[PDB]
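A short worksheet on the structure shown next.
The sequence lines fix the lettering, A, B, ..., with proteins before strands; numbering per chain opens at 1.
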Amino acid sequence: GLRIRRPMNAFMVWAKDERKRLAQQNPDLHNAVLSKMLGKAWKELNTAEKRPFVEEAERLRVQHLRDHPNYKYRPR
DNA sequence: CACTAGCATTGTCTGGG
DNA sequence: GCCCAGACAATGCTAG
């Protein structure tokens, strides 16, 4: 199989569909601009709106420990 | 034809101080 | 065990 990647955090879990939606609504905007828009929109969400994505990121974090128990993040 | 780095974001994590 | 500076998770075009 392929290399093991980091699990997605709450913002990244949410950004998957939202980036797609923004891209389709604004097909002239590059991903850098979309990212700036996504950052602001994520910050605008209230706690209740963020909750499912926060919860799903934690599930992904725990599952990553199960599927890849000896994984160690080694940046450079 | 094929590859590669860069861009931007939030949140999590690293090594070394 | 916090600080510092930064990598890297997804995305997909741009351009070399």
For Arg59(A), does the CZ atom have more than 12 heavy-atom neighbours from other residues, nucleotides or ligands under 6.0 Å away?
->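 Yes - once you tally the heavy atoms of other residues, nucleotides and ligands closer than 6.0 Å, there are more than 12.
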Is atom CD of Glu44(A) surrounded by more than 12 heavy atoms (other residues, nucleotides or ligands) closer than 6.0 Å?
->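 Incorrect, the count does not exceed 12.
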Just by modelled atom types, is the [Y] backbone N or O under 3.5 Å from a matching donor or acceptor in the [X] side chain?
{"X": "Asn26(A)", "Y": "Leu29(A)", "answer": "no"}
{"X": "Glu58(A)", "Y": "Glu55(A)", "answer": "no"}
{"X": "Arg19(A)", "Y": "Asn31(A)", "answer": "yes"}
{"X": "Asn9(A)", "Y": "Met12(A)", "answer": "yes"}

Which nucleotide span of DNA chain B, 5' end to 3' end, has atoms closer than 4.0 Å to non-hydrogen atoms of chain A?
->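 Span of nucleotides near chain A: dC7(B) to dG15(B).
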The sugar of [N]: north or south, by the sign of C1'-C2'-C3'-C4'?
{"N": "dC3(C)", "value": "south"}
{"N": "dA5(B)", "value": "south"}
{"N": "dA7(C)", "value": "south"}
{"N": "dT12(B)", "value": "south"}
{"N": "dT14(B)", "value": "north"}

Just the rounded figure in Å: distance from [atom2] of [N] to [atom1] of [X].
{"X": "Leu22(A)", "N": "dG12(C)", "atom1": "CG", "atom2": "P", "value": "13 Å"}
{"X": "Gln24(A)", "N": "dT11(C)", "atom1": "CD", "atom2": "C1'", "value": "15 Å"}
{"X": "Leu38(A)", "N": "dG12(C)", "atom1": "CG", "atom2": "P", "value": "12 Å"}

Can you name the closest pair of heavy atoms from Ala15(A) and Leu38(A) and give their distance?
->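 Reported closest heavy-atom pair: CB-CD1, 4.4 Å.
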For DNA chain C, what residues of residues 66-76 of chain A have any heavy atom nearer than 4.0 Å?
->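 Residues of residues 66-76 of chain A that come under 4.0 Å of DNA chain C are, in numerical order, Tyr73(A), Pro75(A), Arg76(A).
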Is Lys50(A) close enough and on-axis enough to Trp14(A), meaning under 6.0 Å and within 45°, for cation-pi?
->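 Cation-pi check for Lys50(A) and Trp14(A): fails.
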Tell me what [X] touches on the nucleic acid: a base, only sugar-phosphate, or nothing, going by heavy atoms under 4.0 Å.
{"X": "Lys40(A)", "result": "nothing"}
{"X": "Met12(A)", "result": "base"}
{"X": "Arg5(A)", "result": "sugar-phosphate"}

Nearest-nucleotide wise, let me know which of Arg6(A) and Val33(A) is further upstream toward the 5' end of DNA chain B.
->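 Counting from the 5' end, the first nearest nucleotide belongs to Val33(A).
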5'-most contact on DNA chain B: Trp42(A) or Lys36(A), nearest heavy atom basis?
->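 Result of the comparison: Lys36(A).
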Report yes if at least one side-chain N or O of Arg3(A) is closer than 4.0 Å to OP1 or OP2 of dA9(C); otherwise report no.
->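 Yes, because at least one side-chain N or O of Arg3(A) sits under 4.0 Å from OP1 or OP2 of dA9(C).
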Output yes when at least one side-chain N/O atom of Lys20(A) is less than 4.0 Å from OP1 or OP2 of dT11(C), else no.
->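 Result: no.
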At what distance, to the nearest 0.5 angstrom, does OH of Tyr73(A) lie from CZ of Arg5(A)?
->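 Result: 12.0 Å between the selected atoms.
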Return the 5'-most residue of the pair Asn31(A), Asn9(A) with respect to DNA chain C, ranking by each residue's nearest nucleotide.
->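 The residue mapped nearer the 5' terminus is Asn9(A).
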Name the one of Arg21(A), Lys16(A), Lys20(A) that satisfies salt bridge (charged side-chain N to carboxylate O under 4.0 Å, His left out) with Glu18(A)?
->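 The salt bridge (charged side-chain N to carboxylate O under 4.0 Å, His left out) with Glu18(A) is passed solely by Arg21(A) among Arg21(A), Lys16(A), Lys20(A).
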